[PDB]
Every structure is written in structure tokens, then in C-alpha cells.
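This report refers to the structure that appears directly beneath it.
Number of protein chains: 2
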Amino acid sequence: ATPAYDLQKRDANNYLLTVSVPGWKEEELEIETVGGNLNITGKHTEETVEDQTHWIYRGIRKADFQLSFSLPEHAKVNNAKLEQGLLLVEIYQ
Amino acid sequence: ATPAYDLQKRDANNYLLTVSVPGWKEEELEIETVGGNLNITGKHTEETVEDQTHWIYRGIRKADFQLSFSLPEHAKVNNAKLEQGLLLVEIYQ
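Those protein sequences? They're chains A and B, same order as listed. Read in my numbering, the first sequence has 55 at position 55, and its numbers run on one by one without any break. Read in my numbering, the second sequence has 110 at position 10, and its numbers run on one by one without any break.
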């Protein structure tokens, strides 16, 4: 199960990547540009003991992921903002 | 497609409802207690013209929903906090 995402083109030299990451903290998320690819990695935290009695129902699943997007030469990631359970990454030519 | 949720029991007189609502704004969300049921309604905003050329890929779907939970008599909703794409509702006996 990989996060849903959207990819938009704001114009020909710009892209906006939106990744659905509800419940993810900034420290669990990493973005890096390596060998011309943009890698977005979610590594969900060191486990926690969970009393299964306290859990009545668990419909929300959170699993580590890695998304990879080839960047056109010579594209740069300008910012990555985490807001409202969404990771927004602007990619500029 | 209804939002995923979790339901936890913090102890016997307390519950925590967590609803996955990434990208939802506070103005699109409503919680109300009516006839002993807790109703959580998401009504996604007045449409916007969307240039389908700007959309390369749209994996993130956002659809209006309504979740309903019977409250034990005499339970109250203490707060509803929207944070990190999650709606957290504490329900107290």
C-alpha cells in the first residue's frame, strides 16, 4: 500500500507533487534528490507497545513507503511543505 | 468511498475517534450530536474549474461523506481537533 498522490503541471517548467500522508510527522519523512531521481521516503517510527484491548477498530493503516520520480535535467525541488496530511513538493525547471 | 477511521477506548468511560481526512479544511467538516448519534459530515467545497491539462495524474480522491456513531447515554463530545490530516474526536461518558 503506497500513498496516493497527484501530479500537476502549473506550467511547462513547473510541477507540483502532492502525496497523501495523513498522520505522518515531519521527522518520518525524507526527500532527497539522488542521481537525477527525487525520492520521497516515509519511515514510520520505532514501534510502540499497543494494547489491543484499547483498539476497538483500526481502519487507518500506516506503512513505510518510497516514491521515486525522475527529474528532468535540470530540475530542482524548491520546497516540500507538510500541511493537512498532504506533502506538497514543488519541482522547478 | 468513506474515510478510514480508528476507534479507541482510552478507558471504560472514554473513546477516541480518529478519522483520516487528508486535504480537508475545517470549514468543510462538521460534527453534531443529534438524537443520541454523533454525525461527522464532510462536504467538499463548491466546485472549482480544473484544467485537465494541468493534471498529469490524480490519485487523490476527495468525496463528501457522513459517518454516524451512536453515543452511549450519557456521552458527550469534548473536542474535535483537526491535525495532520486527521480528525480526532474525544468522546467522554
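A virtual CB, placed ideally from N, CA and C, is assigned to each residue, including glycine.
So does the region 116-130 of chain B actually touch the region 156-170 of chain B, counting three or more Cβ pairs closer than 8 Å?
-> yes
Taking a Cβ distance cut-off of 8 Å, strictly less, list which residues of the region 8-42 of chain A are near chain B, in chain order.
-> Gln8, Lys9, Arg10, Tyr15, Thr18, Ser20, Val21, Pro22, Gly23, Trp24 and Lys25
Verify the CB distance criterion: does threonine 148/B have a CB-CB separation below 9 Å to chain A?
-> Residue 148/B sits at position 48 when you count from the first residue of the second sequence. Taking Cβ atoms only, chain A never reaches closer than 9 Å to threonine 148/B, which makes this a no.
Report yes or no: is there a C-beta of chain B within less than 9 Å of the C-beta of residue 95/A?
-> Any answer about residue 95/A is impossible in this case: the structure gives chain A only from 1 up to 93.
Boundaries (first-last residue) of the beta strand (DSSP E) holding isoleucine 56/A | Within the first sequence, the letter at position 56 stands for residue 56/A. Start and end: 55-58.
Neighbour flag for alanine 104/B against chain A, beta carbons, 9 Å | Position 4 of the second sequence holds residue 104/B. Output row for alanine 104/B: interface = yes.
Residues bridged to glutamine 8/A [DSSP beta-bridge criterion] | The sequence position of residue 8/A within the first sequence is 8, counting from 1. In the DSSP output, where bridge partners are listed per residue, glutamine 8/A has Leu16/A and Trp155/B.
Whose C-beta lies closer than 6 Å to the C-beta of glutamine 193/B among residues of the same chain, with five residues either side of it excluded?
-> Start at 1 with the first residue of the second sequence, and residue 193/B comes out as number 93. Cβ within range, chain order: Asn113 and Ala175.
Have a look at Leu167/B, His154/B and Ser168/B and flag the residue whose alpha-carbon is nearest the alpha-carbon of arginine 10/A.
-> Looking up residue 10/A in the first sequence gives position 10. The shortest Cα separation from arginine 10/A among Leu167/B, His154/B and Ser168/B belongs to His154/B.
Chain C residues whose Cβ lies nearer than 7 Å to that of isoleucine 60/A | You won't find chain C in this structure, because its protein chains are A and B.
When you compare each of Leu67/A, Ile31/A and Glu27/A to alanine 4/A by their alpha carbons, which one comes out closest?
-> Sequence index remark: in the first sequence, residue 4/A carries index 4 (1-based). If we check each option's Cα against that of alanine 4/A, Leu67/A comes out closest.
Cβ-based neighbour list, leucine 71/A, same chain, cut-off 7 Å, excluding 5 preceding and 5 following | In the first sequence, counting from the first residue as 1, residue 71/A sits at position 71. If we look at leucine 71/A and ignore the five residues flanking it on each side, its Cβ neighbours are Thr33, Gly36, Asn37, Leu38 and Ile91.
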